[PDB]
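> Here is the sequence, then the experimental structure:
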Protein chains: 2
Amino acid sequence: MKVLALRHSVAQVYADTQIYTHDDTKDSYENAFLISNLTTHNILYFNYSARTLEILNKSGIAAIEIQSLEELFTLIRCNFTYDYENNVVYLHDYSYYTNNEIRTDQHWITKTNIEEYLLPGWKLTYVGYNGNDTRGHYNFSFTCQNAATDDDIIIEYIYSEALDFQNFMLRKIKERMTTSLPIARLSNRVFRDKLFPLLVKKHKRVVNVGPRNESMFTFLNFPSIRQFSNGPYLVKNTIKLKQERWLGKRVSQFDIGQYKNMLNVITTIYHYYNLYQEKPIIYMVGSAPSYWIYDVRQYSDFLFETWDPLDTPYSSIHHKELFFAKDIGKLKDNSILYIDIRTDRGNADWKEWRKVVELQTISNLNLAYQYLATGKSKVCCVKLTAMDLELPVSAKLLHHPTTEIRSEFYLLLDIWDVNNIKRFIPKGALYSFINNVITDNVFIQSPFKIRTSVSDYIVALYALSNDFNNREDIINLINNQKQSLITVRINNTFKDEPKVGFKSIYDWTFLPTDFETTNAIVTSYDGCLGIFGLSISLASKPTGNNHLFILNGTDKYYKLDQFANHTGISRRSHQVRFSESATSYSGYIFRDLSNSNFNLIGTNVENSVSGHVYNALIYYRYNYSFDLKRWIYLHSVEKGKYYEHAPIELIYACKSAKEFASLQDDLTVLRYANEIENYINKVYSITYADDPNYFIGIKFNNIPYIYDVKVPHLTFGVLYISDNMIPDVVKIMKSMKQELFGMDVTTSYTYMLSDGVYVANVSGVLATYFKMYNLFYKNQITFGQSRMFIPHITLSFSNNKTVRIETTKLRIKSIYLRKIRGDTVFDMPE
Amino acid sequence: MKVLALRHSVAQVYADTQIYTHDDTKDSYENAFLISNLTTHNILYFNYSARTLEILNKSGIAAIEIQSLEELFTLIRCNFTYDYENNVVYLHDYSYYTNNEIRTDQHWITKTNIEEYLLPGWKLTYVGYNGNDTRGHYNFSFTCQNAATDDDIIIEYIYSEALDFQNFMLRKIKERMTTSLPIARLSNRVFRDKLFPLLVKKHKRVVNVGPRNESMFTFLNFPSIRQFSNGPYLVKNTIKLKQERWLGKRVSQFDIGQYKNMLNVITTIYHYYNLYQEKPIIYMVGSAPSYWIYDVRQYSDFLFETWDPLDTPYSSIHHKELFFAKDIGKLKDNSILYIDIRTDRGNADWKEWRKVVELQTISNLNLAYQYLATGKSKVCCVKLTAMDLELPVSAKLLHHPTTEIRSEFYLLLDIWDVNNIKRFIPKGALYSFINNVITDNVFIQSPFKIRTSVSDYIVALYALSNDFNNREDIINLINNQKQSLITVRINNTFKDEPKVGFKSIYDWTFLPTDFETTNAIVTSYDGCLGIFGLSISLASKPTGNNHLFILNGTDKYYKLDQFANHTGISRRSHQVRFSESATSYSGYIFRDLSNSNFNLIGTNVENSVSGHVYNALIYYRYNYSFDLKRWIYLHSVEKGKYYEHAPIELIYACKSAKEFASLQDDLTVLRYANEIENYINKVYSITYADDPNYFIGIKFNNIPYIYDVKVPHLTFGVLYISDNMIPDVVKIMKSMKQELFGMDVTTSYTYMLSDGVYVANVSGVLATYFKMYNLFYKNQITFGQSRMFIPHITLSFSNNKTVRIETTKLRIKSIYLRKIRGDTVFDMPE
Ligand SMILES: Nc1nc2c(ncn2[C@@H]2O[C@H](COP(=O)(O)O)[C@@H](O)[C@H]2O)c(=O)[nH]1
Ligand SMILES: Nc1nc2c(ncn2[C@@H]2O[C@H](COP(=O)(O)O)[C@@H](O)[C@H]2O)c(=O)[nH]1
């Protein structure tokens, strides 16, 4: 929501688009609330309270100080992710195209002949992970960098098997200008990099479910984490494959053999991590260029040993420029070995070269076998070619994207693999694997069993909510797990559809009430981002791939007003109320008509009994960052910290939301409202004195209207009690005697309350009524009725016309407790 | 599917539309199968096997003997439900409109002035329940009657609040001619009337969930049954109602006060039934016309006592023509009392008449109170008017449809109600109830808790599968209940949508694999109808409101071929195969290409390994009457009764169905296939010898083709065993030595099996192969491979052209068992 606070003295004015202006010196939390309810994208903050900036940032709303209006202000007309703890700004902005450049996260790409295939004059410039090397471009009051890169395009080109790069880059850039900004993808890079270190330091055992190739670099420094992904391609599974012949498909114009090498070595690193939770020694044979080491070293320090006749720049120690044949004993006991040996494309016939390469393949495989036969705790990966050969059945198969699909694959072998059953594999099956399979993911770990773990911190970022996963197992995991961070699809669909999908790929959808979590925060990406110290320029759109984030066993659950608060609950409510609606009063109007309070709708903008629940039910697709359930619960057990609202006040908003949904045919909001009302009636064991025996009544000295009944009284309470509780009731009355006479009782008009009932309004007594309802309910005394409480002084049982007077205070003369249908009053304090 | 068997001598021929002809004298069950696979609506059966007619009728397919071709045959060009145990034919046919008549199930309607409001010259003729009095119209070789009535139209008119009957009847009749026949509604009347007596006699405790008003007459004679419906309208729930004034809405042109009276008394009967499981004495005050008694007496004998100054025809004993005031002591102790007292519409002012009626209302209420104060086990229902009055809070409110909505309602009171808290109710609330509520259902029983009951026979005909019901509770009920008959929606939707709905009213949808029932029949309405002795002319259309019927703990589960059999599995398969497909061989072709058997597709119509599973997966929307799961299970434990098919044969069809669904983007069939393959691998613990140590080989004397290898042999088996099991294997071989030499081995052509493999086909050995696979699997010996078994004699490792010869028998010379990679053969029987 991009709130920018600039100095009041330097309150510069320009007509920027979608801007707003706010400033006030009354409270520090309500300035944040009122800012959170502004309707535009950018907000300009002029009294610039540091406290209020911190509150916004905790809520996920980006709030930063602006000191160099000349450049700081103008260079923030784009979205960004703000690390407010370290005061860092990560710009997600593709204006750098005006420099005729493509930006990448990876250094190795700069060494390929990629620039030739770009548009004429274009270059690609390395920017570092999340634009770390761009900090020179921006020298502001804060550290500033541009996290936007074109790496998605390059990776898509590599996996797309289409050849011509010029048109591909051009098409993808034009598309990027035609579609809205990929905020989720770009800010999640920052969130991953900040999140997982905090978890590894802060928690004993961290389990990450379904990592994707995007974060392959994130976990390079954290072997403590146990990863669960899709299964690996085993050799035994090649029995199903139909035999095929050589097929020379070219996928990339520029040589990407280094990307293949890097994905291979990283896959091996993570296999080793999965087996032994420690960082291994890396041994590499071949891999002469080896530039990508740099990109790995940016995330974790590793010890690299290289054997290649050419030079390898970034290696730790290039043990020998000479080739490696029988030097097995140099290899230490806790390590991984990458064997990429290609002798040479000789200038001989292709058949002769094939025999040469086949013999070389057998040599490499035997080298791997000797590597793993001698020593415990090691893993290896070999380059083989497609031929008839006998591989172990449990070995893992790798074919990552390479420049051309030309009869090569890789075999990943642990020590359990070497002495295992070996099977004969024809060249046709291996060719079928090379041609029909491209390895999608470097995480080859066994799938995650969706069971609650008591010693683990489970992290399911975008993996659990899928069409094929068991829904009830997901619900039980979220419900009963301690210490977790799990994400599901939101079900922002009308008609309450239980799945949502794109081109026959579907996801399960959940409402916040579909869970029964005891102690957890159920918020948006904004809320979860704030809980971990980040804020963002751009909120979730109501219709999109929006996810609920659920944090189980968090430090922050009891900080109700601090994290996943009601910031922005009324942003959409206010936009609709002031632009499109029939009247700005429509809300109070509808809420009173929904609770059968139509008897008078006269100036109901004052002292309405409905609550936050109405906007959390109706506009949930916008403000689901609120966590309505925790808000209700924490106010059940004070341990009402700011509000002290009676439960009937919550139930009334529930009923109003149900009627609204039925009018709009919003089936989802109808369910959500019914379920929240159920949760309320579970947390509060509410009772209704629909058949009362006694009542509390207030009597006034003067009555500014013509009255036709003998006794004008305000029925201020109605209750159902046994006689023995009359002292208890009395005590509770005494408990607020001061407060009872303190209230500023006012009346301004008379109206018809029902057929044959003519009453005078009473104002200013309702807050006291709710405090007293809370006290009676806490004391297990049945107080209140099924209907809504309407404070009124009955004037006559006749049908008379409405009369108005100026606000005339009313004065209390006695506050009595009387038995219904008994002329006997059982208490009369003055 | 309307199979009509007529005498072969009188094999009359006419060109009726959608007819077919079948006759054969080879088998009695396969004539039924082949008939069940014919594509048209009507089938003409000429060899007319009584056995085959019985088999069809057990399957749900109507199969009746035709003896009077002149009229029996021609008057069966319409659909019907056939009670084949009693040999009765219930026609559902609206041709009777050509007699200018409307047909009703209820006698009371004939006494109203309804005929005046019909179209000129039209009459309404009573036909009895399911047309019992129409048997005179048809005098055939069987008892015959027309169950079709226009009662749906009349009831809809009564509940529709639209006034003009002439246009309403005309519109509804025209609609009935424009839409297809409501078979489900009409045949379910017959099914209910036959089903529930059988259950009450056959089972101790019967529980019926969610009865609707349609079957209000069905349970009149069965107070043993405990009913669960939607809750009742309690007096205490009127606190929510907004006050209203008199509103004179007219709903019907002809007087329907008798329908109101009948619904009132029947509601009271069922309340009494719910409390005390016995038939009560019926006392009625007022209710002078009382014709509807007749309609009640048609279902159960009752004892009626009437007090009215006018005469009451069908009453048991009209105790007194004189009015009933202080005759309370005549009323017996186990009874119900209906108090419909209206003094008279005097010719005085409406206000004076209002006071008269109000005093009369108080008199009636006090009469009811005195009735219930003296005596245990009684229930009462009173006619009251809208006024201020104090009713008990727990009393039940009835407002059934009446002629005009004019300030009257009814109160249902049990003995618990009389001495209960009483509340003051204004006339406005009662008027609001009269104006805004019409009682939808005479079953006012508490809702059903979806829990398994061990002593109960639960019957959920159309109640459980609804949007708001808990899905997992439904699954657990179906899964774990004994002795039940429950119905759910089928999920015939593509894309696998979990709910289906009409105008924001949705239902849960289930596949047959969504349950894990141990001992139950999961079939169609046709199958369930057959299990209870009925058959039907018209099968379920693939896209419709089609329901799965699940019978838990049934006598019929083990009669695999008798009930819920494979009748009609291939009806749709055959229609598609011969009309639209690219070739009639497409099925065998696709099934072989799906299991990677493309190496040869030459004449695969013979000896294909796929099964029934393919058509139960692909065409489930048509043949879901099959209960594929029970078919698989019962053949798992012989206890293969006709087929003796190996499990791999089932799995192959599963894989073929998965590939087919992916090609058609039929997401539902894809899931169903995956789940059935899972069920197969659960029931059979299958093992694969993908890495074999030994093999079974057959050697032949002559080889009709040119062979380039030293030893021509048929690898007839492949297995993985420890050495110690060689005797066991040998014994099993000996177990079928005779059978092994008995088979008619034939070869007809040579083909290429893979790159560098040239083989000769082998035919006629596959059935023996499957018998032997079953024997090895039963003996816990790992036999077979992950791939499909292809019997072949390898001829050379060279790429040669295909050659064909006439069918040349091959002769076995020895059947040996040899260790793989060992020249050592370990057995050689001749
Ligand atoms: N009864 C009640 N009303 C609230 C509460 N919070 C905000 N409101 C009402 O909601 C209004 C803003 O939201 P809107 O009605 O515009 O959606 C405020 O002017 C205020 O009257 C609450 O906690 N209880
Ligand atoms: N393998 C196998 N094929 C069957 C079985 N039952 C029917 N079929 C095949 O299915 C054909 C009829 O079904 P269709 O292929 O036309 O859908 C028959 O001609 C027969 O070849 C069975 O149990 N196993």
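Right, received. Where do you want to start? Numbers count the residues shown, from 1 in each chain, chains lettered A, B, ... in the order given. Ligands and ions are numbered 1, 2, ... in the order given.

> ok, and the closest non-adjacent residue to the residue in the stretch 101-250 of chain A that chain B sits nearest to?
Nearest to chain B, among the residues of the stretch 101-250 of chain A, is residue A:239, at 4.9 Å (Cβ to the nearest Cβ). To be clear about C-beta, it is placed using only N, CA and C from the backbone, and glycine gets the same treatment. Nearest-residue entry for residue A:239: residue B:786, 4.9 Å, with adjacent residues in sequence omitted and distances by Cβ to Cβ, 6 or more residues apart in numbering or on different chains.

> part of a strand, is that neighbour?
No: counting by DSSP: H, G, I helix; E, B strand; the rest coil, one finds residue B:786 to be coil, located in no strand.

> list the contacts for it?
Contact analysis of residue B:786 by Cβ atoms under 8 Å, 6 or more residues apart in numbering or on different chains lists A:239-240, B:688, B:690.

> Greatest separation within the residues you listed: which pair is it?
For the contacts of residue B:786, with distances taken as Cβ to Cβ, the pair at the greatest spread is A:240 and B:688 (11.2 Å).

> The closest residue to residue A:121 other than its chain neighbours: how many residues sit nearby?
Leaving aside its sequence neighbours, residue A:121 sits nearest to residue A:100 (Cβ to Cβ, 6+ apart; 5.6 Å). Neighbourhood size, residue A:100 [other Cβ atoms under 10 Å in any protein chain shown]: 12.

> Contacts only, for residue A:100.
Neighbouring residues of residue A:100 by Cβ under 8 Å, 6+ apart: A:119, A:121-123.

> Same question for residue A:441.
For residue A:441, the contact set (Cβ under 8 Å, 6+ apart) comprises A:211-213, A:229-230.

> wait, which of the residues you listed is closest to ligand 1?
Ranked by distance to ligand 1 (Cβ to the nearest ligand atom), those are led by residue A:212 at 39.4 Å.

> I'd like to know how far the nearest residue to that closest one once chain neighbours are set aside sits from ligand 1.
With Cβ to Cβ, 6+ apart as the criterion, residue A:212 has its nearest non-adjacent residue at 6.6 Å, and that residue is residue A:441. Distance of residue A:441 to ligand 1, computed by Cβ to the nearest ligand atom, to the nearest Å: 46 Å.

> now residue A:18
The value you get for residue A:18 to ligand 1, if Cβ to the nearest ligand atom is used, is 21 Å.

> same deal with residue A:234?
Distance of residue A:234 to ligand 1, computed by Cβ to the nearest ligand atom: 58 Å.

> give the contact list for the spatially most central residue of chain A.
Centroid check for chain A by Cα atoms, centre = their mean gives residue A:525 as the closest residue, at 2.6 Å. Residues near residue A:525 by Cβ under 8 Å, 6+ apart: A:60, A:184, A:536, A:540, A:546-547, A:549.

> Just the closest of these to residue A:505, please.
Ranked by distance to residue A:505 (Cβ to Cβ), those are led by residue A:547 at 16.0 Å.

> State the phi and psi torsions of whichever residue of the stretch 401-550 of chain A sits closest to ligand 1.
Nearest to ligand 1 in the stretch 401-550 of chain A, going by Cβ to the nearest ligand atom, is residue A:542, at a distance of 15.5 Å. Main-chain dihedrals, residue A:542, degrees, to the nearest 10: phi -60, psi -30.

> Kindly tell me how buried the residue of chain A found nearest ligand 2 is, as a neighbour count.
For chain A, the residue closest to ligand 2 is residue A:240, as judged by Cβ to the nearest ligand atom, at 21.0 Å. Using other Cβ under 10 Å, residue A:240 has 12 neighbouring residues.

> Nearest residue to it in space, ignoring adjacent ones along the chain?
Using Cβ to Cβ, 6+ apart, the closest residue to residue A:240 is residue B:786 (6.7 Å).
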